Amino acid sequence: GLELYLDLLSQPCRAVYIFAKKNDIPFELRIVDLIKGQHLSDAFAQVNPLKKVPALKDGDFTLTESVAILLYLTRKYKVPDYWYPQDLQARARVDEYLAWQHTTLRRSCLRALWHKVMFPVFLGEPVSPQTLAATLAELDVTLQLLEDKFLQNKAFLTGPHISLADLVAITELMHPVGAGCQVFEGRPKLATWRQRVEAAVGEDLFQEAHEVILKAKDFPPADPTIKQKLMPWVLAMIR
């Protein structure tokens, strides 16, 4: 039937996983261990030639990109309208966030995890303090935008109920949280939003989805061969 190729270390994977689980969508979970380079293997290259997760397989149909996967699952499984409302402007707000985040918040949250923790600790690659300072500053800018452009004075990013947008944003923000960054500290509007999102998703599910990213800082350092395999994947990922 439906197979989802995921690693909960990955931000887009957590969004897909939460969404499928919350909506009781049946699927076979296929774990792709990123830390062990399983996405770079010949076996996975058969599933997804792009060598990235998440990937969906629905019979002979294969799909990549978390945004595409989320919208496909929304439509195919007739999930509640609140995820992607029928009103054209409400729907557009979800589309706008989903488009905006690719080059902004997704990038800043990823760079925060890698520059602060995963490079120096896991890959044994020191990061220059100038690079880390620029990364943390950029994260601050993107968090301010999250508040000023999207959330504003609303309960959620696009209106009074959770939507796909909130699911993508929250799993992004958990990346710097795993890195030990001061994300929700000093931002009470984001902190209260997080609690509302966790409630809407289910606290146990939210926690389950985030177990791996919260222990990333404690991964054993990669062997030379794994480091060699992963470097180009990491560098393309963050740019």
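For every residue, the number given is its place in the sequence shown, counted from 1.
- The question of which stretch, 101-109 or 117-125, has the higher mean Cα B factor is settled in favour of 117-125.
- Between 3-11 and 230-238, it is 230-238 that carries the larger average Cα temperature factor according to the deposited entry.
- Looking only at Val197, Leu70, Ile31, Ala209, the residue with the top Cα B factor in the deposited structure is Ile31.
- Looking only at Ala191, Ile35, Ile170, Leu56, the residue with the top Cα B factor in the deposited structure is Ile35.
- In this PDB entry, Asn48 carries a Cα temperature factor that places it within the highest third of its chain's modelled residues.
- Residue-level temperature factors show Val16 in the lowest third of its chain, judged at the C-alpha atom.
- The deposited CA B-factor of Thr62 belongs to the middle third of values across its chain.
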